[PDB]
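Undergrad: starting from these lines, generate the structure:
(chains A, B, C, D, E, F, G, H and I)
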Amino acid sequence: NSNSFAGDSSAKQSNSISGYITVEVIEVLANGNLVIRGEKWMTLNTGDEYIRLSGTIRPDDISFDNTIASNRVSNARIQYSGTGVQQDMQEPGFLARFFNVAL
Amino acid sequence: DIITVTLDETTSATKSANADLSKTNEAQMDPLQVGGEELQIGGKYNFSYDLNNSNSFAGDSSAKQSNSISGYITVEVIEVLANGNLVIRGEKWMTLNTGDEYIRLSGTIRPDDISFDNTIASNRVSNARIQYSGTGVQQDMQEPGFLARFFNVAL
Amino acid sequence: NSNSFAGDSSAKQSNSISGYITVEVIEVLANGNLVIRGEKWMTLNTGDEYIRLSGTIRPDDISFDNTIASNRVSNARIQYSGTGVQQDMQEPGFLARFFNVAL
Amino acid sequence: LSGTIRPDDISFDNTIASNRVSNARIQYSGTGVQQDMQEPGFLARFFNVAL
Amino acid sequence: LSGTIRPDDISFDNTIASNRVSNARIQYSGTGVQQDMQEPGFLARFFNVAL
Amino acid sequence: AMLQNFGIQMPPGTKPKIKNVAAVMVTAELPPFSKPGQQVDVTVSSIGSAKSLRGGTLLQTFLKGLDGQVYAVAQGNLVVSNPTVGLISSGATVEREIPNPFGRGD
Amino acid sequence: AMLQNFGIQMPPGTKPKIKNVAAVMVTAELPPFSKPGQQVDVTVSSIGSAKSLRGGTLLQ
Amino acid sequence: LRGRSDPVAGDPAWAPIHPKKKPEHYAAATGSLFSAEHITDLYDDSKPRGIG
Amino acid sequence: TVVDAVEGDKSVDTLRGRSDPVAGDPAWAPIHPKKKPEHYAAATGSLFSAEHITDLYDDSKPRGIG
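TA: Residues are numbered from 1 along each chain as shown, chains lettered A, B, ... in the order given. Below you will find the coordinate block:
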């Protein structure tokens, strides 16, 4: 006789963003926390890119030069993307989406 | 109240087991010859024999599992317990180019474990629920679908 | 004549786990021992893994940083596993189980 | 593990060696299909007890 | 293990050597199908006692 | 630990470098029929390596009975003559009563 | 061990560096018909290497 | 077809127990702020000693 | 019913020839120590109880059930 079995699974995920974004306070909470929100648009040659950030921060986390790290932002929503025909090349479309969801 | 969580998790587990059994026999005797002739028992039986056995077994099993997450997540206190422990909860969404990823953390922490810079390690969070995943067509590529799931659960 | 015999048997087993798990006291015993219990879930990309620990500990074994080794836990129940299609790949199924129990 | 020990053999950190345990019963094993692979079964057991 | 010992031979850590045990009976063995592989059985025993 | 009780928590491994604080053992004798609100003497003796307890002030300490319960709280100013043992004339305030069999029986 | 009985537990291997504490053996003779609540004399003798017990206080 | 039942996150058999709330002292009965269930020792290490 | 909702129902061996152990067997479960009786200090006027006193200098070796 000879019986044998082997089974494995794996997964991996990572991301990173680097840059700057200047926002403004849109609401002050009861404990003094500041709800922040802002957007930033850049058109370099062709195509518009935007950065959008919203969240809540502590005034205690704001450094001396009026700068706060992005990992100190509570309820963070960070969006860095493009727009137009430049962004059309980043998505496969219906044809590949159906094939990817079926197989 | 805003509390920053340092995601630093690393778990690793291995197990192994195996067994062996073996047995052999080898007994051989040439026909006995006494007085120049071959001795006979009964009418047709010699003084000879030949035995040869060989049994063998081997069986093993193994398993292994590990994971790790690294990053930051800032949450807020949603409830204060009777002993002063803080129930925390929060989410964090990032859209980089295409596709949205989220980090979600909930749990209960001690104020004594919050360091001087208002940061607490993720292994200090009781009843921790950490979720780091994607969304959309990006996440569709990470799962096999019905076809492979049926084949994997049948075999 | 020539007779010969040889027979041997062997076995081996080992395991290890490394990580952290934070639990809570669910009961205090008469001598001051603490019955502990807790679970921890992590979804990294796809599939959920859990760690579960229960047992009884001495307050004398709790170190200065409120941490206790896992080998100091009496009646320990440690479970580290997955869930879903990821865990389906780790088991052979009925077909190989019958062959393994028959041979 | 079960057995009988002397309090004199318990070290300062509340730990005692396993060779100091009287009437010791130590069992380290598995369970389930993992343990099924460690035993030969009836077929090889009969062959091993006959030869 | 069974036997008879002198209290004078018990060292400071409550340990005594096995060669100091009078009427010693030391048995170290297995049990079950593992021990079945250690013995030849009737077939080889008869051949070994006849030749 | 006492500083944590007031909202100041030093990072782990920080050496306080304190020179005006000494760890002591506080002992009080509870007279019979002691009622809550009364004051009793306490003897304060140093258990570490402090050279003198003269001029010190005993911080809030809970005095436990033989059953492990707190029956008094001790504070006050030490009066030392042996410079490592001092006395306080009303250091401990009684906070709990101990029952008595005086009124029972014939 | 006494400090653990009060809620202060030093990490293992920590040297207290105590200089005002001495280990002693306490002996008392219980007179006949001794009733609970009575007080008797005790003799306190040092068993370690303390130079003097003068001015000390015997703990429980 | 699996032969196993996967655990669910949030099972009450493994969920934490929130500690019972201590009763109020009612200092007006004794004239003192001392309560045996509410006092905090300044020098204790704060080991786990109760549910939660 | 006899099944608890929180814990749940805790309730080919012929081809195996062995019976696997179950986790939580009462034959191997720990024994919770008996609770000591209250002292009732009102009988003697003292907080001393032979079953409740704690020696300050003992090493606290295991000495009882649990």
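Undergrad: gap between residue A:95 and residue B:137?
TA: Remark: distance between residue A:95 and residue B:137 (C-beta to C-beta, to the nearest Å) = 12 Å. (C-beta placed from N, C-alpha, C; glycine too.)
Undergrad: my bad, residue A:33
TA: As for residue A:33, its distance to residue B:137 is 36 Å (criterion: C-beta to C-beta).
Undergrad: more neighbours: which of the two?
TA: Using other C-beta atoms under 10 Å in any protein chain shown as the criterion, residue A:33 and residue B:137 rank with residue A:33 on top: 19 against 16.
Undergrad: work out for me the element residue A:98 sits within.
TA: Using DSSP states H and E, residue A:98 falls within helix A:94-102.
Undergrad: and the angle from that helix to helix B:146-154?
TA: Counting by axes from the mean of the first three to the mean of the last three C-alpha atoms, to 10 degrees, helix A:94-102 lies at 10 degrees to helix B:146-154.
Undergrad: give the contact list for residue F:17.
TA: If a contact means C-beta atoms under 8 Å, 6 or more residues apart in numbering or on different chains, then residue F:17 has no contacts.
Undergrad: looking at this, it is in a helix?
TA: No: counting by DSSP: H, G, I helix; E, B strand; the rest coil, residue F:17 is located in no helix; its state is coil.
Undergrad: so how far is chain B from it?
TA: When distance is defined by C-beta to the nearest C-beta, to the nearest Å, residue F:17 is 18 Å away from chain B.
Undergrad: please apply the same query to residue F:2.
TA: Going from residue F:2 to chain B by C-beta to the nearest C-beta gives 14 Å.
Undergrad: who touches that residue in this structure?
TA: Residue F:2 touches F:59, H:42, H:43, counting by C-beta under 8 Å, 6+ apart.
Undergrad: surely residue F:44 and residue F:58 touch.
TA: Yes: using C-beta atoms under 8 Å, residue F:44 is in contact with residue F:58, at 5.8 Å.
Undergrad: find residues that contact each of the two.
TA: F:24, F:26, F:78, F:88, F:91.
Undergrad: ok so, going back, can I get the contacts of residue F:2 in a markdown table with neighbour count?
TA: Formatted as a markdown table, the contacts of residue F:2 follow (neighbours: other C-beta atoms under 10 Å in any protein chain shown):
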| residue | neighbour count |
| --- | --- |
| F:59 | 13 |
| H:42 | 15 |
| H:43 | 16 |
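Undergrad: got those as JSON lines, with secondary structure and distance to residue F:7 columns?
TA: Below are the contacts of residue F:2 laid out as JSON lines (DSSP: H, G, I helix; E, B strand; the rest coil; distance: C-beta to C-beta, whole Å):
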{"residue": "F:59", "secondary structure": "strand", "distance to residue F:7": "16"}
{"residue": "H:42", "secondary structure": "coil", "distance to residue F:7": "13"}
{"residue": "H:43", "secondary structure": "coil", "distance to residue F:7": "16"}
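Undergrad: redo those as a markdown table? Include distance to residue H:8.
TA: Below are these laid out as a markdown table (distance: C-beta to C-beta, whole Å):
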| residue | distance to residue H:8 |
| --- | --- |
| F:59 | 51 |
| H:42 | 44 |
| H:43 | 44 |
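Undergrad: helix or strand: which one has whichever residue of chain A sits closest to chain H?
TA: In chain A, the residue that lies nearest chain H is residue A:7 (13.4 Å; C-beta to the nearest C-beta). Taking DSSP H and E as the definition, residue A:7 sits outside all helices and strands.
Undergrad: residue F:61 looks like it's in a strand, true?
TA: Yes: assessed by three-state DSSP, residue F:61 belongs to a strand.
Undergrad: that one contacts residue F:70, doesn't it?
TA: No: counting by C-beta under 8 Å, residue F:61 stays clear of residue F:70, with 9.9 Å between them.
Undergrad: these two: who's more crowded?
TA: Neighbour count, other C-beta under 10 Å: between residue F:61 and residue F:70, residue F:61 has more, with 23 against 16.
Undergrad: in the sheet, who's paired with the more buried one?
TA: Per DSSP bridges, the residues bridged to residue F:61 are residue F:74.
Undergrad: list the residues that contact it.
TA: The contact partners of residue F:61, by C-beta under 8 Å, 6+ apart, come to F:26, F:73, F:74, F:75, H:42.
Undergrad: number of nearby residues for the fourth one?
TA: When you say that, I think you mean residue F:75. Residue F:75 has 16 neighbouring residues, counting by other C-beta under 10 Å.
Undergrad: and the closest residue to residue A:7 other than its chain neighbours, what does it touch?
TA: Leaving aside its chain neighbours, residue A:7 sits nearest to residue C:89 (4.0 Å; criterion: C-beta to C-beta, 6 or more residues apart in numbering or on different chains). Shown in contact with residue C:89 (C-beta under 8 Å, 6+ apart): A:7, A:8, A:9, B:152.
Undergrad: just give me the closest of those residues to chain E.
TA: Distances from chain E to these, taken by C-beta to the nearest C-beta, are shortest for residue A:7, at 29.0 Å.
Undergrad: need the contact list for that closest one.
TA: The neighbourhood of residue A:7, defined by C-beta under 8 Å, 6+ apart, consists of C:89, C:90, C:91, C:92.
Undergrad: just give me the closest of those to residue F:100.
TA: residue C:90 (69.3 Å; C-beta to C-beta).
Undergrad: so what's the closest residue to chain B within chain A up against?
TA: At 3.7 Å from chain B, residue A:71 is the closest residue in chain A, using C-beta to the nearest C-beta. When contacts are counted by C-beta under 8 Å, 6+ apart, residue A:71 touches B:4, B:72, B:73, B:74.
Undergrad: tell me the one of those nearest chain F?
TA: Using C-beta to the nearest C-beta, residue B:4 is the member of the contacts of residue A:71 that lies nearest chain F, at 15.9 Å.
Undergrad: what residues does chain H have near chain A?
TA: By the rule C-beta under 8 Å from any C-beta of the partner chain, no part of chain H lies against chain A.
Undergrad: list phi and psi for the nearest residue to residue H:25 once chain neighbours are set aside.
TA: Leaving aside its chain neighbours, residue H:25 sits nearest to residue H:35 (4.0 Å; criterion: C-beta to C-beta, 6+ apart). Residue H:35 adopts backbone torsions of phi -140, psi 130, taken as degrees, to the nearest 10.
Undergrad: show the contacting residues for residue A:102.
TA: residue B:145.
Undergrad: tell me how far the residue nearest to residue H:25 lies from residue C:72.
TA: 34 Å.
Undergrad: helix/strand/coil for the residue in chain A that chain G sits nearest to?
TA: Of all residues in chain A, the one sitting closest to chain G is residue A:60 (32.0 Å; C-beta to the nearest C-beta). At residue A:60 the chain is in helix, as set by three-state DSSP.
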